[PDB]
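Form deposited without the partner chain, single chain, as structure tokens, below.
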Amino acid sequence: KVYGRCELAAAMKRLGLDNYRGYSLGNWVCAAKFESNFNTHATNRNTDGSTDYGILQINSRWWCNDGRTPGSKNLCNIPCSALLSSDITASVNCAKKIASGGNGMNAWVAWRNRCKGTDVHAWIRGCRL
């Protein structure tokens, strides 16, 4: 599924991401835009053998288990295929766990390069939440 911006913001809001660990909602909408262009099916394979899965590009070396990544820690205790669902619940619950690390949202490279530091509140304006 490819989510609309406001559609995704609302889905994320109802799952507890607004101001999760300080981070306002537009941070997560901006992270999903530059990570996958709001597409739940996005996958990117990395040269170390891990793959990034779903709308928030969660990595299989640390967070989910896909069967093919040497040394997967599977810290979110999920199959990576669960992250390719049109339902984002599994992705958001894992993302909360990722964001709880010392690095916070810097675990998302696209958010640190294209979102961090800007007025990310723009990503939810016009959405009547």
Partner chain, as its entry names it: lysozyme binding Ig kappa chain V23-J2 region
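Positions refer to the first chain, counted from 1.
The form solved in complex with the partner chain is left out here; the points below concern that form.
- Interface residue among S81, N93, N39, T43, judged by heavy atoms within 4.5 Å of the partner chain in the deposited complex: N93.
- Of the heavy atoms in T118, none are within 4.5 Å of the partner chain in the deposited complex.
- The closest non-hydrogen atom of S86 lies beyond 4.5 Å of the partner chain in the deposited complex.
- Proximity of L15 to the partner chain in the deposited complex: non-hydrogen atoms within 4.5 Å are present.
- Contact annotation for 46-61: no residue has a non-hydrogen atom within 4.5 angstroms of the partner chain in the deposited complex.
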